[PDB]
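In the structure tokens that follow, the same protein chain appears in two forms, which are kept apart as structure 1 and structure 2.
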Structure 1
């Protein structure tokens, strides 16, 4: 266990990458060290803790990791998305804002940001994120539906309506209009 410690590190990270998160916890717990901080071990063990229900230990390792490596978009993403999931929206929002700007092709982040903003009552900001998300994925019914709800809350029924109708059209399946549009 310098050699054994390298074995558990590499194997543990391997497991975390693969989604074998229980096993990743069992192995990376043997190598993690708060006071000789290794951000790859802490990030992957943080993820694995969050995925196995140890959300408080996980968000701890991830805050520590993000304090150590403020550049780490991977770390900021899982921490932001985790906070969204546990509904700590005051924490989630600034992380997701910063990740969305660092990584503008990440649709899930932009959507989840818009959903959070909507749930805080920041309907204008939500609408702005949902429009960005639709620019990434124009045929995601769930975004058309989310943005229609935000417009409606602001009394913008005229603007909501086309998005409502699109959401319901996409639920059924294919838009017949595309029969007439060249590719």
Structure 2
């Protein structure tokens, strides 16, 4: 069973719409199986850079299962989910990113925006507060 072929066969089914079938393959290529996980991490993060949020998400979710405590992966998966309009998933992933680094203001900010996009202003406020008291001064 060829893993390089699974990741790329996986990603093409995601873009195609069959997000179930691809994510099976993607999962099947990152296991505690390889280092294909490094390749999936760069693709995932790059797809968020290049605003292909559609595709970044399954990767970064399966990356996150395989490397559960990569801060940048939970943070950018948050950013991508937020751009897809999946705000609860985004807050949930930003919460974990803050768990790994409680003093990244950029993460309080992002979570404040996700709440606001749901029209939940009182919940946004403390994060806006913490976001501001976590840089100068």
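Residues that one form lacks are left out of the comparison. Positions refer to the first chain, counted from 1. Basically, rigid core = biggest C-alpha set you can superpose within 1.5 Å across the two forms.
Large Cα move at residue 131 between the two structures, threshold 2 Å, rigid core: No.
Rotation angle of the smaller rigid part relative to the larger between the two structures, in degrees: Relative rotation between the two structures amounts to 87 degrees.
Angstrom shift of the Cα atom of residue 70 between the two structures (superposition on rigid core): So the C-alpha of this residue moves 7.5 Å.
Per-residue C-alpha deviation between the two structures [residue 50; rigid core superposition; Å]: Residue 50 C-alpha displacement between the two structures, core-aligned: 20.8 Å.
Regions of at least 3 residues displaced between the two structures by 2 angstroms or more (CA, core superposed): Run found: 37-71, no others.
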